[PDB]
Structure formats: structure tokens, C-alpha cells
Amino acid sequence: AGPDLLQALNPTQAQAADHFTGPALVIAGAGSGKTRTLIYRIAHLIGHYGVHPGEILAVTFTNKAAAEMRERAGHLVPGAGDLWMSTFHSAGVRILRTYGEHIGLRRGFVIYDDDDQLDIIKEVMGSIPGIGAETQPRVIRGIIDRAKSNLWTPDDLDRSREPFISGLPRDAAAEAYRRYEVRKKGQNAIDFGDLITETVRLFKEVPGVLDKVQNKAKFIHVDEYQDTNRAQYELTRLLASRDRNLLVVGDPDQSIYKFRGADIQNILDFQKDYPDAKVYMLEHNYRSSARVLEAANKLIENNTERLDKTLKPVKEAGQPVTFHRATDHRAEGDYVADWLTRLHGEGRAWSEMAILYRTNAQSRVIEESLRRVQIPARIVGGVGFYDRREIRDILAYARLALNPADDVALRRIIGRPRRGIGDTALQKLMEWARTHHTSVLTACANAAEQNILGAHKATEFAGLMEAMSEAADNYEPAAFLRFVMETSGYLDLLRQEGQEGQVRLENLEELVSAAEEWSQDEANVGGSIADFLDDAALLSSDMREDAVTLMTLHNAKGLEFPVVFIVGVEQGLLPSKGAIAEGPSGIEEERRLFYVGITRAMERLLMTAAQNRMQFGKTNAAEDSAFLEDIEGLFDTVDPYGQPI
Amino acid sequence: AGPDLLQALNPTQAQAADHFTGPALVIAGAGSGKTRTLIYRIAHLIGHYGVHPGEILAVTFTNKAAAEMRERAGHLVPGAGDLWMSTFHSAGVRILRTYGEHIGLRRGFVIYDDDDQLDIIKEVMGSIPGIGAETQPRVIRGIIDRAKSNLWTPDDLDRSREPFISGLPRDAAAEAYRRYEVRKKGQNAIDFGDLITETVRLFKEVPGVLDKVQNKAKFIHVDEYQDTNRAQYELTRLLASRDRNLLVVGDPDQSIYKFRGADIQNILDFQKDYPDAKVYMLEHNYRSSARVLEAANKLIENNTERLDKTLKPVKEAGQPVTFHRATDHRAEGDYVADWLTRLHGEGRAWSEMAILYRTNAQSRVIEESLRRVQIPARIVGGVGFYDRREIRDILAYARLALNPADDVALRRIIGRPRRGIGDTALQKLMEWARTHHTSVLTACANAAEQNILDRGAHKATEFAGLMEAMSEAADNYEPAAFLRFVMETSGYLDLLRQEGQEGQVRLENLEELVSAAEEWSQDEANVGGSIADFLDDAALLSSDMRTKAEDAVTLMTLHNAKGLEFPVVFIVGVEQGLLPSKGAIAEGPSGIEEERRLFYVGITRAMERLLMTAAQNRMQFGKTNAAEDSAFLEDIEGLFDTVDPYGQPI
DNA sequence: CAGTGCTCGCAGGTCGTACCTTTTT
DNA sequence: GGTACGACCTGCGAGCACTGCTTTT
Ligand SMILES: Nc1ncnc2c1ncn2[C@@H]1O[C@H](COP(=O)(O)OP(=O)(O)NP(=O)(O)O)[C@@H](O)[C@H]1O
Ligand SMILES: Nc1ncnc2c1ncn2[C@@H]1O[C@H](COP(=O)(O)OP(=O)(O)NP(=O)(O)O)[C@@H](O)[C@H]1O
Ligand SMILES: [Mg+2]
Ligand SMILES: [Mg+2]
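Heads up: the protein sequence lines correspond to chains B and A, in order. Here the first sequence stands for residues 5 to 457, 460 to 547, 550 to 552, 562 to 662, where the numbers follow the authors' numbering. Here the second sequence stands for residues 5 to 547, 550 to 555, 562 to 662, where the numbers follow the authors' numbering.
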């Protein structure tokens with residue numbers, strides 16, 4: 005043990021990793037060693053001040069940094085597994101899974117997925133006066149999710165500034181959110197946002213529970229605090245409130261989540277909320293060559309009313325930062341394609357390189373261009389593996405197995421394994437659930453009996471589901487799924503129309519393969535199948562080698578690569594058609610995004626643009642990004658083969 | 005040298021049974037020993053004249069007479085096994101199964117039922133000028149079957165006397181028969197009447213075949229010759245023509261089949277057709293008590309223009325013949341029910357008794373009144389066991405398995421084990437067979453390929469694939485287990501199992517079909533029997551196989573009864589409108605006289621007691637109607653004794 | 001370009017109609 | 001009375017037309 009702070013950390017990084025008690029703010033620029041300090045402190049609390057691992061909580065946004073830090077502390081300090089380290093939402097689960105029965109969340113409270121929460125909205129919209137038969141359900145969800153991100157009730161939504169939200173009348177939307185709650189609450193179901201707001205509701209209402217939890221978080225670490233919303237803050241303040249051992253780390257230049265409700269004021273107001281906090285500032289960049297740093301510092305400079313802090317380079321100015329405008333986007337794909345294999349020959353490993361884009365659609369062209377040259381590719385945050393119809397419906401059987409209520413799942417799974425269950429019979433069964441205010445699954449069992457709703463076809467279904475329930479009380483997750491896949495008939499469907507479907511059944515076996523890992527894994531000892539549906543539904547962009566890493570500019574936050582390709586630096590993408598109509602605040606949100614990208618590169622940064630670009634079936638002229646003007650003369654533009662132009 | 009004639013037969017019976025070569029007619033009244041002569045000649049040909057059994061043929065109308073003459077043979081004479089004994093239609097089968105190719109019947113031609121005849125008709129009658137729904141199919145079937153009973157061709161039908169037939173224009177009906185032939189023919193298929201006409205057609209065109217068959221029929225016997233139709237006669241004359249050893253037996257008073265197309269002239273004109281024949285006449289009734297005979301003799305007496313022949317009773321006048329008019333038809337069922345039990349305790353066994361009725365609907369009432377009292381009931385000629393959907397649909401798989409072109413069977417099967425097979429796709433499949441002149445089966449295999457009958461393209465390939473599996477299982481497999489295969493693999497058991505509460509008694513019948521298919525191949529005459537051989541045997545069955555699928565009262569029609577006898581016989585529904593029937597009355601005297609022969613046959617079945625009944629009211633299919641005594645009881649009045657529900661005169 | 005919705009045409013089940021009653025291979 | 005056949009809904013599937021690319025636990 006005995007990790008001298010001064011050995012692996014510079015003097016102020018050391019003094020901050022030495023902070024023991026009280027509120028602390030660690031505020032510094034990109035690649036200044038913020039996270040690394042956060043990892044060394046965790047080791048320094050245990051080894052020096054003798055804090056027990058079980059007293060420590062460290063929370064970030066994406067689960068990629070969460071695992072990073074777990075192991076990261078380990079080869080210094082054992083007990084990475086004794087530490088509580090995850091996202092706010094993962095914590096939200098664990099807390100509400102242990103304490104849910106206090107607030108009216110019973111056994112079988114579900115995790116209603118994003119796509120899942122649409123069928124709910126569609127089913128409320130008919131009842132509501134605010135209309136467009138044209139208003140997209142996902143617009144209503146935008147309102148709701150963001151509202152719980154601000155920690156507002158439907159009543160607080162009646163009183164919001166704007167008389168119209170998105171496309172809607174203030175009171176209409178509020179009412180949707182008011183009938184959304186009643187429906188989902190009556191299904192014993194909670195959504196993403198609830199995992200935060202409901203926890204905040206748990207600590208305010210039952211103070212004795214908070215007290216017991218704060219024993220597990222005595223010493224509280226938060227990375228990426230610049231991206232925390234009002235809810236997350238409120239949860240944080242409540243967890244700190246007893247011992248006030250809260251130490252948050254962040255950068256304001258890096259706050260890219262505003263669209264989802266990120267509050268830049270949370271990191272910038274930290275000492276107004278905690279006057280007694282200590283403030284540590286890091287001025288040095290350890291990550292990048294001075295060549296890509298000067299480029300970053302000159303870009304972010306253009307942002308106005310930002311805290312101006314020193315970021316001084318510690319590395320010699322490296323290989324010049326380059327940009328290439330290729331006539332086509334396909335030639336942009338081939339430029340990156342080509343220049344990956346070149347850099348490879350020179351000795352760069354595939355994994356040390358990564359491709360960053362504004363929006364996901366940009367990845368399709370990139371892939372095939374890699375595929376062509378046969379460059380191993382690893383895409384992060386594409387169309388999910390758990391998004392695919394194959395896997396999704398199986399879990400809908402899995403959810404409905406544990407939760408007789410879910411009618412959002414019943415919709416997807418009643419149809420595909422064709423039981424010939426009627427369309428008009430689905431409406432009367434919804435009129436059965438409408439008249440009885442009832443758990444829908446039992447009405448189908450009672451279809452032959454009672455009010456008699460094609461009669462028996464329902465009794466045979468409740469029997470197939472009871473068979474899943476009895477197989478849900480006892481049987482193993484890996485083989486319980488198989489039971490479902492088989493006995494539902496989904497596997498007989500897929501076999502019967504199987505030529506394209508055979509690759510679909512291949513996915514379905516892989517679900518058993520991933521469920522083997524989950525079960526035979528170390529943290530899952532005696533893990534329930536309900537615990538698996540939990541862990542699947544919260545996954546960020550390991551469950552979701563030596564390959565080029567494709568992904569979005571947003572996802573990248575917190576990582577670093579020796580070589581980084583930023584593609585689609587163009588007016589309309591970087592700063593986006595949305596962010597252009599926003600006005601200065603919009604452009605300045607983007608400028609931070611482009612900043613985060615630039616600060617990812619360690620040795621080389623290669624950025625590209627296209628003269629023409631296609632989006633869904635029309636080719637359009639493309640203009641260089643306004644941001645390249647901001648950095649002009651800090652980079653050398655390049656021809657498809659690599660020389661200045 | 006064994007079977008001494010003068011011991012078991014009276015002298016003229018003996019002289020007749022002694023006839024060896026040349027045409028011979030034995031013509032006598034009821035219960036005279038005509039059939040009883042027929043063995044003793046057959047036995048006398050073998051033991052005395054040294055005729056070889058394989059040279060002998062004996063023919064009748066009903067398998068019941070095929071049983072009679074087989075038992076009569078075996079239980080009375082050694083070496084009875086090779087004797088060729090069956091009906092005309094059964095003969096037609098065996099002859100056409102052996103020689104068919106000479107006349108253009110391919111290997112494995114299919115034998116259609118009478119029900120079967122209607123998918124063919126319903127297919128053709130849309131194209132012909134005489135329009136349907138006014139004219140239902142079963143009328144057109146009536147013409148064709150009767151046309152071929154006369155041995156006539158569509159052209160001959162254009163030349164019939166009547167300008168209208170049943171409800172139809174002469175040439176319209178003729179045209180339907182002309183397009184029914186071309187259809188049936190193109191399926192490699194033939195109906196019953198063909199089993200005669202085609203055989204007659206086979207002997208006329210190819211002489212060398214007739215010659216080879218006439219070796220097996222050198223000596224020919226025909227019982228019940230009075231009921232033979234024009235075709236049957238023509239088939240007989242041809243089989244006789246070479247050696248002319250034909251001996252026919254019969255009674256004119258007994259000719260009840262005119263509606264069938266029976267020729268009363270055939271037995272009457274025998275010596276005009278065979279001027280060298282011998283004519284033996286039996287004047288004695290061995291069967292019945294003098295009391296049941298006098299009643300018969302005095303009834304038939306009323307018929308006019310019939311040959312007058314003395315039937316003199318040999319048995320003392322027995323228990324008086326009784327008649328009872330019960331208020332209801334139910335009380336008539338109850339009177340029969342009641343009096344059966346009575347006759348039982350006094351020592352009569354159930355089987356010695358039988359109940360005869362005119363039309364089959366009369367049996368339902370009777371049954372339950374037997375069931376009530378719990379009297380064992382053996383019903384002959386009711387709704388067939390092989391008529392039932394369960395059975396019939398399985399054999400439609402069997403037929404179609406052997407014969408790809410059977411679109412009459414395909415209809416009754418393709419949809420039953422629901423395959424998603426198109427209603428509207430059946431019309432496209434029929435427009436495929438209409439456009440291609442093809443058998444239907446290969447259009448289903450060619451579904452995914454070719455013209456692609458879609459919205460279910462795969463559905464048809466999976467069908468023809470289920471049928472090839474039935475073809476290969478038809479290739480080499482046991483009849484018993486081959487049907488099981490069909491029952492399972494078609495999914496017909498699956499349907500009845502799934503909705504199985506009522507369908508369990510149905511899947512029980514399907515067990516019985518495997519049971520009789522098991523009982524059949526175990527049978528002695530079936531050695532190395534093909535399943536094609538079974539379907540042949542099944543579709544020709546008269547009113550053993552039908553009755554099986562003991563010691564019981566026998567229920568059956570007056571018609572079927574022809575040729576049998578019982579010590580006790582009930583005759584029910586002797587009433588104006590049943591005996592002689594509402595049709596027979598409208599026919600006028602010829603009709604009246606037919607029915608009088610029909611009633612005559614009933615009376616002459618009874619050995620010891622005949623008991624006849626009537627109802628004052630009779631329900632048929634809803635409304636209860638006033639019922640009247642039959643005008644025939646008038647004919648026999650003072651001859652019998654009326655009775656009350658308990659047995660004494662009113 | 002693609003994923004989703006939404007409407008046409010076709011399978012099968014259930015429910016109300018007409019005719020039945022001659023008789024058999 | 002019984003059956004056998006012809007007209008009425010529900011049910012599912014495969015070519016339209018359509019419509020959306022921000023960014024995420
Ligand atoms: N005292 C040090 N000596 C050498 N390297 C260091 C030191 N401190 C930090 N680093 C390195 O600096 C790099 C980035 O550190 P990091 O913790 O990721 O900063 P960060 O602020 O969390 N990055 P970001 O979240 O994007 O702003 C890592 O490669 C560290 O190894
Ligand atoms: N010579 C006889 N000796 C003893 N019994 C006889 C003699 N002749 C006839 N019988 C019996 O009387 C029955 C009637 O004769 P049978 O020929 O069988 O009926 P049938 O003459 O054909 N009447 P039917 O069948 O209505 O035309 C026979 O079956 C014998 O039982
Ligand atoms: Mg960091
Ligand atoms: Mg006889």
C-alpha cells in the first residue's frame with residue numbers, strides 16, 4: 005500500500021488527493037488529471053486516513069468511467085469491489101431496489117425503457133384535449149423526461165415560464181404528464197427519470213432511510229459534475245447533508261449535456277452552496293501535444309462569459325494537427341480508411357485510434373470504408389443489440405413474466421408468436437382493462453369465464471404465461487430465457503421463416519451467451535433474473562478486439578486516444594442546424610463539444626470535412642464549420658494524400 | 005357321389021338341382037325353396053357331374069345374398085372356397101381390375117361413391133344451359149345412374165321418348181351426362197353403374213377377354229333374377245353366350261326394384277331369349293305357417309296381369325296374423341318394444357325376430373323404444389359407418405394418395421386439417437386445372453415455382469409434400485398402419501383432439517376404422533391384399551363390414573329384407589302414404605302394384621309370427637300429421653285379427 | 001434509405017335456410 | 001327435426017405511402 009501522493013501526482017494534484025474531510029471542488033481544464041486525482045484520493049482515503057471502502061461512494065455519468073476507476077484504484081489499492089462506484093441512475097436503482105417498498109414501489113416495479121414509454125403516451129393521448137393527431141408521442145416524452153430532469157411535478161409544469169412547450173399548450177402537456185404518472189404508477193412501473201426523482205422523494209419523506217444510506221456514502225466523489233442536472237444535484241445535496249464529505253470534480257468548458265437539462269451553474273455555484281468548501285485548481289495538460297492543445301485553447305477562448313483558467317501544456321508540441329476537405333463524404337470515408345492503414349504501418353495499434361462524429365448516421369459510411377480496407381471496427385452507441393426486435397421481445401416476455409401489469413410488453417409479445425390473438429379482441433381486452441381498472445393478464449384468464457370476451463385463445467395464453475411464471479420463480483436466467491424463446495414459439499417462428507431469420511436466431515443464442523457471462527460473473531453471485539433486466543436496461547454506450566473505436570462526440574467525454582479522427586466538422590453538423598437557430602448560447606454549447614473532441618487526442622488529431630453530403634436520399638452542398646475559422650493558422654489543411662494546400 | 009338330392013329336396017326341386025347343361029329357369033313363389041335349390045345344384049355339379057369349383061359362378065344383388073350362398077355352400081359342401089360368389093357389381097370389379105387396360109382404364113383407377121358423384125356434377129352443371137338451385141345435383145345423378153342401368157349412352161339419352169326427364173330438357177340432361185363422362189374419364193375414375201356397363205363394353209370390343217373369363221364362368225347361377233336391370237341382363241347374356249350353361253332363379257311377385265331400373269320382363273321372357281331352356285316350377289312354401297301364407301296369397305291375388313302360380317302351404321296354420329293401430333307412432337314403437345319383451349320370456353331369442361319398415365327415418369323412433377326397455381338393437385342400412393365424416397375423410401386421403409387426379413376427394417380433405425388452403429386459392433387452383441387440364445396435385449408442388457399461386461405460396465408446397473409422404477407410405481406399408489400414418493400426419497387426429505370433447509367419440513370411430521382395416525387383412529380371402537383392394541371392398545358394401555362397424565333384434569328396410577326369413581316379424585308403418593307411398597299413389601296402378609309386391613315380400617319373411625302395426629298420427633320432420641291405414645289391409649280383411657296395445661281384438 | 005404506419009385481400013369459424021323422406025350398388 | 005350449405009366478421013400478411021438525423025442514464 006502506502007501510495008505517496010507526491011510520487012505519482014504534482015503538488016496541487018497531491019494536496020487535492022490529500023483532502024480528507026469537508027466540501028471540496030476540483031475545477032480544472034481538459035486532460036488536467038482530474039479523474040486521476042479522484043482515483044488517487046480514493047486510494048489515499050483508505051491507505052492513509054484508513055477510511056473503509058464500504059464508506060466510499062464515487063459516481064459518474066457513463067459506466068465506462070465507472071469501471072475505469074474501479075480497477076484503476078485496485079492495482080494501487082485492493083477492494084475495488086468493496087467500493088460503491090456507478091452512475092447516478094445505477095445508484096438510483098440499487099437504493100430503490102433496497103428501499104422501494106417504502107414509497108409505494110412494490111415487487112415487480114419495472115424499468116420502462118425509452119422506446120417502451122411511447123406505448124404509454126400513445127395510450128393516454130386519446131383521452132387528452134391538447135391535440136395534434138399529428139403531435140408525436142416522442143415530443144410529449146421530451147417534455148416529461150426533461151421535466152423530471154428539472155425535478156418538476158405536473159403541478160410545477162402548470163406554472164413553467166413558457167405558455168407553450170415544444171409544440172404544445174402548457175396545461176395540455178402538464179395534463180399528459182399527469183395522466184402518464186397515474187397510468188404507469190398503477191402498473192407499478194418507473195421510468196429513467198424516476199430512478200433519480202423517486203430517490204430524492206425517498207430521502208425527503210423517510211429521513212431514517214437517508215440516514216442509513218449515508219453510512220454507505222460518508223465520503224462522496226462526483227466526476228463530470230458539470231453535466232449534472234437539477235435532480236442529480238438535489239440527490240447529491242441530500243447525500244452530503246449529514247457529514248458533508250462531498251468532493252466534486254468538473255470543467256465548465258466541458259459541459260455538453262444542456263439539451264437534457266445539464267446545469268452549468270451547479271459546478272460554478274458549488275461554493276455558494278458550500279461556503280466552507282476547499283478549491284483546488286489544476287493548470288497543466290498532461291494528455292496532449294502542445295500542438296492540439298493550443299488549438300483547443302484558441303477555440304474555447306472564443307466562448308464568452310466562461311471562467312478563464314490557465315491550461316498550460318506539459319508535452320512538447322507534437323505532430324501538427326491536420327484537416328482535409330474531401331469532395332464527397334465517401335471520399336471522407338476513404339480518407340479515414342486510407343489514413344488508418346498508413347498510421348498502422350508506421351506502428352500505431354488499431355485500438356489507440358478512434359473516430360468521433362456529431363451524429364450516429366455518420367457511422368454507416370465510415371464502417372464500410374473500414375470494411376473495404378478490412379480494418380477491424382468497434383462501434384459504440386449504434387443501433388443497440390438490446391434494441392433489436394429479437395432480443396427486445398424476449399425480454400418483454402421476461403418482464404411480463406415478473407410483472408403481470410406490463411401491457412406495453414404484452415403488445416409486442418402477443419403478436420409475433422402468432423396466437424391469432426385478435427386486433428379487435430385486443431381492443432376489448434383494453435376495454436376490459438378500461439372498465440375494470442385491472443391487471444390486464446388476469447382478464448385474459450377470465451375471458452372464457454366471467455364476462456366472456460375466439461374465446462379460449464386467451465386462456466391458452468395465460469397458461470403459457472403461468473408456465474413462464476413458474477419457470478420464473480426457480481429456473482436459471484440463461485435457461486429460463488431459452489424456455490421463453492422455445493415455449494413462446496418465437497423460436498418456431500424464426501425457424502419457419504428462417505433464411506434471413508437465421509441471423510436473428512443467432513442473436514437470440516448470443517443473448518444466452520451474454521447471460522452466461524452475467525451469471526458466471528463475479529458481482530452477480532446469486533443474481534436474480536430481475537437483476538439482469540435491471541442491468542440490461544441501464545447500460546451506457550461492456551454488455552452493450563484491438564479495433565478502431567467509432568463513436569459520437571458526446572460519448573467520448575472522459576476518454577483519450579493517441580490518434581483521433583473527428584469527421585463531419587461542418588456547418589449544419591458541428592454547430593448544428595438546431596444550435597444555429599438557438600443563437601449564441603447554442604453555438605457556445607457546440608463549441609464545447611468540438612472542444613471535448615480536440616482534447617481527446619494525445620499525439621495526432623485528424624479532422625475532415627466534405628464538400629457534398631447525403632442525408633436520407635438527397636445530396637446537398639456542405640460548408641466548412643464556423644469553428645475552423647476560430648482556429649485558422651493553428652492547423653495545416655491537407656490533400657487526400659497528406660500535404661498542405 | 006355325396007350330396008343325395010332326393011333326401012334334402014322334393015322331386016321337382018331335385019330334378020331342378022340335377023340340371024347340368026343348357027339354359028334353365030326356376031320360377032316359383034315366395035319361400036318355395038328356390039335359393040335352397042341353388043346350393044344343392046352347385047354341390048351337385050361338384051360331387052356328381054364333377055364340375056370344378058373354379059368353373060362355377062353364382063351371382064346376386066346383395067352381399068346379404070353373397071353371405072347366404074357362401075354359408076349355404078361351405079356349411080353344406082366340401083371344397084367351397086374357390087367358388088366365385090358375389091353380386092354383379094362385385095364381379096364387375098374383379099373383372100375390370102384384371103382386364104381394365106384393354107378398355108382404357110389405367111393402373112389404379114378410382115372407384116367413386118354415390119356421394120362422390122356430386123363434386124363432379126356440381127363442377128359441370130354451371131356450364132350447361134339447365135340452371136341450378138332450381139335443379140339440384142341429386143336429380144342429375146338420378147338420370148345418369150338410371151341411364152346406365154338401361155345401358156345407354158349420352159346419345160341414346162338424346163333419343164329417349166320423354167322430351168323432359170325428371171325436371172329437365174332431354175338434351176340438357178344428355179349434355180350434362182356427356183360432360184360428366186369426359187370429366188370422370190380424365191380423372192381415371194369410374195362409378196358403380198360403370199362396373200357393369202364398362203364390363204359389358206369390355207366383352208363387346210375385346211372378344212379374347214370374354215373367352216378367358218368364360219372359362220371361369222362355364223356354369224352360371226343367378227338368384228333374384230327378377231330384379232336384374234337391362235345392363236345386368238346384357239352382362240349375363242354375354243357370359244352365357246359361349247357355353248349357355250345359365251340357370252336363373254326368381255319370382256315375379258317379388259320384383260321390387262323397378263325404380264332401380266329393374267326389368268320385370270327379364271325373368272318373364274327368359275325362354276323367348278333361350279328357346280331351349282328347361283322350366284322348373286315350385287308349388288310349395290316351406291317357410292311359413294299357413295296363416296301367414298293365406299294372407300300373402302290373397303294380397304298378391306289383387307295384382308293384375310301377373311303370372312298366376314299356386315303356392316300351397318306345407319306347414320299347419322300357425323299363430324294368427326295380428327295388426328295393431330296405435331294412437332301415436334311412439335305408442336307404435338312402444339307396442340313393438342313391449343311385445344318383443346313378451347315374445348322373449350316365452351322363449352323366443354332376440355335374433356329370430358326382426359322389425360321391417362318402409363323408409364329409414366322410421367328407425368329412430370323404434371330404436372329408443374328398444375333402448376328404453378334395453379332390448380339389443382342391430383340396425384341394418386342406416387346412416388353408414390363409412391358415411392360418417394371421420395371415416396370418409398381419411399379414405400379421401402387414401403384415394404388421393406393412390407389417385408392424384410381425384411379432385412372430389414381433394415375438396416373434402418385439403419381444408420379439413422386446416423392448412424390455410426385458400427377458398428379463393430382453390431378457385432385459382434381449379435382455374436389452373438381448368439387452364440392446364442392437369443391433375444391437381446402437381447399444381448400444388450409447382451406453387452412456389454411457375455405461376456406462383458401466392459399469398460400462401462409455401463402452403464401448397466407443404467401440402468403436395470404431405471401427400472408425397474402419403475404416397476411413399478402408400479408405396480410399402482400395412483393398410484392398418486398406413487391409415488394411422490394418414491390420421492396422424494395429416495393432422496386429422498390433432499383437430500379432433502384439440503376440439504375433442506365431442507370429437508373423442510369421433511376419434512373412437514377412427515380407431516374402429518383401423519380396427520376393421522386390421523380385421524380385414526387378417527381375414528382369409530385377403531392374403532396379400534393391397535389397400536387399393538380394401539377401398540374397393542369398402543365402397544361396394546351392401547346393407550359383414552357395414553353391420554359390424562350378436563343375438564339382437566334386426567332393424568332394416570322392407571327392400572333389404574329380400575331373400576331372408578325370421579320366425580317373428582314386425583312390419584311397421586303400414587299406412588297410406590308409406591306403404592303404398594305418396595309417390596306410388598301418384599304413379600297410378602303400376603306404382604300401386606310395385607308397392608303391393610314390396611308389402612308381399614315383408615309378409616313372406618315371417619315363419620311363425622307376423623305382427624303388423626299402424627299409427628293414427630305420425631310426426632315426420634316437425635309437424636304431426638293424420639295417418640291412415642294402408643289400402644292393402646283392406647285387401648287382406650277377414651284374413652287377419654286386429655289387436656289392442658295388449659294383444660286382444662278391438 | 002429504412003423503419004413504421006396503414007390499408008387491401010384472403011382463411012377459418014360461427015351463424016342463420018332450405019329441403020328433406022321412397023326404396024340400393 | 002336435422003343437416004348441409006351459403007352469407008358475415010375477425011385475423012393476419014405483404015405492397016403502398018410517409019416521415020425523421022441531434023446530442024443520453
Ligand atoms: N501527475 C501526473 N503525472 C503524469 N501524468 C499525469 C499526472 N496526472 C495526470 N496525468 C495524466 O493526464 C492524463 C489525463 O488525466 P485525466 O484524469 O483523464 O484528466 P481529466 O480532467 O479527468 N480528463 P477530462 O475529464 O477529459 O477533462 C492521463 O493520461 C493521466 O495519466
Ligand atoms: N326341400 C326342403 N326341405 C327342407 N327345407 C326346405 C326345403 N325347401 C325349402 N326349405 C326351407 O324353406 C326355406 C325357403 O326357401 P328359399 O329358397 O331359401 O327361399 P326362396 O324360395 O328364395 N324365397 P325368396 O328368397 O323370397 O325368393 C329354405 O331356406 C329352407 O329353409
Ligand atoms: Mg475526467
Ligand atoms: Mg331367394
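C-beta atoms are modelled at their ideal positions from N, C-alpha and C, and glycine is treated no differently.
{"Asked": "Jot down the residue ranges of each uninterrupted beta strand (DSSP E) in the region 322-367 of chain B, minimum 3 residues, whole runs only, in chain order.", "Found": "326-330 and 357-361"}
{"Asked": "For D231(B), is the beta carbon positioned less than 7 Å from some heavy atom of ligand 5?", "Found": "Inclusion of ligand 5 in the displayed structure is not the case, the ligand content consisting of ligand 1, ligand 2, ligand 3 and ligand 4 alone."}
{"Asked": "Could you give the DSSP three-state label for residue 561(B): helix, strand or coil?", "Found": "Structure remark: chain B lacks residues between 552 and 562, so residue 561(B) is without coordinates."}
{"Asked": "Take every Cβ of the region 483-493 of chain B, pair it with every Cβ of the region 518-533 of chain B, and state whether three or more of those distances are shorter than 8 Å.", "Found": "yes"}
{"Asked": "On a CA-only basis, which of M568(A), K222(A) and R510(A) is nearest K68(A)? Give me that one, please.", "Found": "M568(A)"}
{"Asked": "Give me the Cα-Cα distance between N233(B) and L591(B), rounded to the nearest whole angstrom.", "Found": "24 Å"}
{"Asked": "Which residue's Cα is closest to the Cα of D257(B): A32(B), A542(B), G603(B) and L172(B)?", "Found": "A32(B)"}
{"Asked": "Taking the runs of the beta strand (DSSP E) that are 3 residues or longer, which of them lie wholly in the region 82-164 of chain B?", "Found": "88-91"}
{"Asked": "So, with DSSP's three-state summary, where would you put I46(B)?", "Found": "helix"}
{"Asked": "What is the residue span of the beta strand (DSSP E) that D540(A) lies within?", "Found": "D540(A) -> not in any beta strand (DSSP E); alpha helix (DSSP H) instead, spanning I535 to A543."}
{"Asked": "In chain order, what residues of the same chain have a beta carbon less than 6 Å from the beta carbon of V204(A), not counting five sequence neighbours either side?", "Found": "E238 and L239"}
{"Asked": "Is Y53(A) helix, strand or coil when you go by DSSP?", "Found": "coil"}
{"Asked": "Check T566(A) in the structure and name its three-state DSSP category.", "Found": "strand"}
{"Asked": "Could you tell me whether the region 284-296 of chain A touches the region 58-75 of chain A, using the rule of 3 or more Cβ pairs below 8 Å?", "Found": "no"}
{"Asked": "Could you give the first and the last residue of the continuous alpha helix (DSSP H) run that contains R396(B)?", "Found": "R393 to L406"}
{"Asked": "So the beta strand (DSSP E) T308(A) belongs to, where does it begin and stop?", "Found": "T308(A) -> no beta strand (DSSP E), and no H or E assigned at all."}
{"Asked": "Using CA coordinates, which residue listed in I395(B), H56(B) and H348(B) is at the minimum distance from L514(B)?", "Found": "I395(B)"}
{"Asked": "With distance defined between alpha-carbon atoms, name the residue in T314(B), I379(B) and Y390(B) nearest to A358(B).", "Found": "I379(B)"}
{"Asked": "Helix, strand or coil: which one does DSSP assign to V296(B)?", "Found": "helix"}
{"Asked": "Starting from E587(A), follow its DSSP beta bridges and name the residues at the other end.", "Found": "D641(A)"}
{"Asked": "Here's the rule I'm using: 16 or more other beta-carbon atoms within 10 Å means buried, otherwise exposed. How should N480(B) be labelled?", "Found": "exposed"}
{"Asked": "If we call anything under 8 Å between Cβ atoms a contact, is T566(A) one with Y339(A)?", "Found": "no"}
{"Asked": "Helix, strand or coil for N67(A)? Go by DSSP, reduced to three states.", "Found": "helix"}
{"Asked": "Have a look at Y53(B) and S153(B) and give me their C-alpha separation to the nearest angstrom.", "Found": "36 Å"}
{"Asked": "Helix, strand or coil, according to DSSP, for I169(B) in the structure here?", "Found": "strand"}
{"Asked": "Nearest-angstrom Cα distance between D312(A) and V143(A)?", "Found": "37 Å"}
{"Asked": "Specify whether the region 153-166 of chain B and the region 118-128 of chain B touch according to this definition: at least 3 beta carbon pairs, one from each stretch, less than 8 Å apart.", "Found": "no"}
{"Asked": "Quick one, which of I615(B), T616(B), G589(B) and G614(B) has its alpha-carbon nearest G603(B)'s?", "Found": "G589(B)"}
{"Asked": "Less than 8 Å between the C-beta atoms of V369(B) and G337(B), yes or no?", "Found": "yes"}
{"Asked": "Where does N513(A) sit, in a helix, a strand or coil, going by DSSP?", "Found": "helix"}
{"Asked": "Hey, out of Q505(A), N249(A), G424(A) and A180(A), whose CA is closest to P133(A)'s CA?", "Found": "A180(A)"}
{"Asked": "Bridge partners for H288(B) per DSSP, in chain order?", "Found": "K316(B)"}
{"Asked": "Just to confirm the assignment, what range does the alpha helix (DSSP H) spanning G659(A) have?", "Found": "That residue, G659(A), is in no alpha helix (DSSP H); it is neither H nor E in DSSP."}
{"Asked": "So what does DSSP say about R617(A), is it helix, strand or coil?", "Found": "coil"}
{"Asked": "Closer than 6 Å between the C-beta and any heavy atom of ligand 3: which residues qualify, listed along the chain?", "Found": "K38(B), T39(B), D227(B) and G575(B)"}
{"Asked": "With respect to 7 Å, is the separation between the Cβ of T64(B) and the closest non-hydrogen atom of ligand 1 below this value?", "Found": "no"}
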